[PDB]
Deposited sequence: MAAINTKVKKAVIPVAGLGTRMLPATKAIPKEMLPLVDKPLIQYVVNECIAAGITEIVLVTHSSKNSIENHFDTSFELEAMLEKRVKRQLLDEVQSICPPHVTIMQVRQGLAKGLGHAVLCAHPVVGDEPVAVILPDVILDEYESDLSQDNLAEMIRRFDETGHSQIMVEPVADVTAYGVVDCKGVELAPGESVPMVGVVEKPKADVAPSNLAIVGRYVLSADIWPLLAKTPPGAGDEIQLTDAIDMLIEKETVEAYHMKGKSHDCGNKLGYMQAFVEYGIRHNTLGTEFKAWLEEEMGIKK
C-alpha cells in the first residue's frame, strides 16, 4: 500500500480563542451539532485509508480518548439501541487510537510522535480544522489525494487554500503558478502571516500535511514550518490545493458558522432546522 500509515493529531493544550467554553472541556470536543470536532477529523483520516491515529496530548484531555473507547456505564444504560449501536460505532474496530504526551509548538508535538511513528512518512492533521464531507469526497480528494500523490512521487504534500486576507495566515510560495483545486505544485518556502504587499501567494496552509520520513531528522535539528522549509532545501515538497470547503473551528465565528452549516445538513433534522432558520431570518 502506502508508507503513510499513521496520522499524528496534536491535541490543543488550551484553545484560548474559544474561552470560556473550552476552559474545562477540550476544543476538540466542542460539538458540530451532535458530534465533537475530533469525530469528524478521525473519520476524515479513516476515509483516507489511515487506521492508526496518534493523538499528541496533555493531562486534562482524557475525554477525547474516552469518546472513541468504550463507555461501560453509558452503554449499560443504553441497553437498559440505535444510539447504542452508534456509540460503539464511533471508532471502527480496525482503527487504533494511540496516545503520547507532549509536556510547546506544533513541530514539537510532531516530534513527540516520532517514537510511535518510526522513521517513516506520516500524516499531520490539525483537529480544529474540519474539511467539509459534503463538499468534497474525503475518500478520494484532499488527505486521500495527498497520500496517493505522496506514494506516487515521494514528494511531501501540504494542503492549501486561497484566502482574502493573507496577513492572517502562513502563505506558501509556489513561484506564482496558479493552482486548481485538486492539484499539487511545488512550493519553495512558506511565509508566516506575510504583509499583503510581499506575500508569495493567496494560498494559506490549511492544516493537513503528508510528510516524508525526512522531516523526522529535520524536526530534531530545528515549528513545523522551519523543518518544512529545511526539507524543501533537500527535496521537492508540494502545495496541494484543497478541494471543497474547510471550516476553521479554532476561531469563534468559524465555529459558529460550521455549527449552522452542519445543522442545515443534519441527516435527521437538517430540513426542519433549515426551514426554521428561513422563517426565523
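Sequence ranges 1-4, 85-87, 111-112, 232-239, 299-302 have no coordinates in this entry (deposited sequence, numbered from 1, C-alpha basis).
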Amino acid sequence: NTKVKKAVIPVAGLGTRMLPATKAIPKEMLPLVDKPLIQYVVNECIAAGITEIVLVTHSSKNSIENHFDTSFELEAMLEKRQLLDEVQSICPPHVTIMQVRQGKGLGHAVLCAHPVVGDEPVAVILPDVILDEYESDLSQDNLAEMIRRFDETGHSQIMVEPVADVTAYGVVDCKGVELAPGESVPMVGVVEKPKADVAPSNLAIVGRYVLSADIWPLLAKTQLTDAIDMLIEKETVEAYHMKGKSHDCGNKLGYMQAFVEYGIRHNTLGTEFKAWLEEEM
From here on, numbers count along this sequence of modelled residues.
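For the two regions 229-237 and 58-66, the entry's Cα B-factors average higher over 229-237. When the mean C-alpha temperature factors of 5-13 and 256-264 are read from the deposited coordinates, 5-13 comes out higher. Of the candidates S201, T167, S156, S139, the PDB record gives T167 the highest C-alpha temperature factor. Across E145, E161, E75, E135, the greatest Cα temperature factor reported in the deposited entry is at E75.
In this PDB entry, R208 carries a Cα temperature factor that places it within the lowest third of its chain's modelled residues.
Sort the chain's modelled residues by C-alpha temperature factor and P194 lands in the highest third, per the entry. In this PDB entry, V185 carries a Cα temperature factor that places it within the lowest third of its chain's modelled residues. In the PDB entry, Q99 places in the lowest third of its chain by CA B-factor. Looking at the C-alpha B-factors along this chain, the one for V33 belongs to the middle third.
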